[PDB]
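Okay, here we've got a single chain as structure tokens, the form deposited in one PDB entry, with questions on binding and movement later.
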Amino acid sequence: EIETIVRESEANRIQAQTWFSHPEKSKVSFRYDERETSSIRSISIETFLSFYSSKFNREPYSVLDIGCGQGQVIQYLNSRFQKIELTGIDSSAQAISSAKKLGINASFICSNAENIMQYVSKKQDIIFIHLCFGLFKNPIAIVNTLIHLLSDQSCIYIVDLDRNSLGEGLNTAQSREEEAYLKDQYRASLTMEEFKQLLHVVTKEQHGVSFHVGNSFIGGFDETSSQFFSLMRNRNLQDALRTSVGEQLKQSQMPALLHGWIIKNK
């Protein structure tokens, strides 16, 4: 039962979340995240944009960003599109105040993502959950709720740490505080096996809604898959991958992440 696995790892997830809700700890997590995770942001975004265009033959009308932090993902989208409805939600008041100060045409909500349907009624073409799934107290509840908000042509794209990657994941820590941070983050994470079970359970009773999970770099799609072939044809995704020397090497050295899709096609 995936429910019990999720309930029994709840304390770990609460602990991981202290790194985003405590004043001193938040300084450590921000510094690490900006240094080590910023370059993957554009890759993950262009992956879902390439997927959407390939699958549905139009650009999305709306992106909902779950755990949006200081609004960096929404800023990126704002620079790529003008006529996209952008929404971000984060339970950190400090993060949301920072996002609002950007002065972007976007809606920012300060609340547990569990409460999203109080703030968004129009169905969403893309729901993005980037590098934060393992922080949620009630991840299955959040996903079930998000599925209600999916448009007839839509996807949830989830990218997160794999618990089995802890050992390799510690390599990028540069201080004892960062080491402690990463240990807590990986301990709260799911494994590939657990993540697959979760996405199966939340989609199996939902008509026209499917899932895919993988640990391959580009959306978890194997390099021999038809999906990978289609994604890699997209010049915007190519451009995002064509980054600095140091960031390409960082991306090469990174442990494999979990990549999950919940896809609705009515």
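Numbering starts at 1 and follows the sequence shown. The term rigid core refers to the maximal set of C-alpha atoms that superpose within 1.5 Å between the two forms. Only residues modelled in both forms are compared.
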Exercise for review: Give the stretch, out of 126-134 and 91-99, with the larger mean C-alpha temperature factor in the deposited entry.
Suggested key: 91-99
Review point. Out of 79-87 and 182-190, which one has CA B-factors that are higher on average in the deposited record?
Key: 79-87
Check your understanding: Out of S151, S111, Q174, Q72, which residue has the highest Cα temperature factor in the PDB record?
Key -> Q174
Study note, to complete from the structure: Note to self: of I43, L231, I66, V63, the C-alpha temperature factor tops out at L231
Exercise for review: Sorting the chain's modelled residues by C-alpha B-factor, tell me whether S121 ends up in the lowest, middle or highest third.
Suggested key: highest
Point to revise | Position of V245 among the chain's modelled residues by C-alpha B-factor, lowest, middle or highest third | key: middle
Revision key, fill the gap. Here the Cα B-factor of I2, set against its chain, lands in the third termed highest
Practice item. Would you mind ranking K264 by its C-alpha B-factor against the rest of the chain and naming the third, lowest, middle or highest? Key: middle
Exercise for review: Rank-wise, by C-alpha B-factor, drop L258 into the lowest, middle or highest third of its chain.
Suggested key: lowest
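Beyond what is shown, the protein has a form deposited in another entry; the following relates to that form.
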Review point. With both forms fit on the core, is the shift of the CA atom of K250 between the shown form and the other one 2 Å or larger?
Key: yes
Practice item. Might you say whether the CA atoms of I89 and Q251 end up closer or farther apart in the other form than in this form? Their distance differs by 3 Å or more. Key: farther
Review point. Looking in the other form, are the Cα atoms of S244 and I43 closer together or farther apart than here, the change being 3 Å or more?
Key: closer
Review point. Relative to the superposed rigid core, which consecutive-residue segments of length 3 or more display CA displacements of 2 Å or more between the shown form and the other one?
Key: 244-246, 248-253
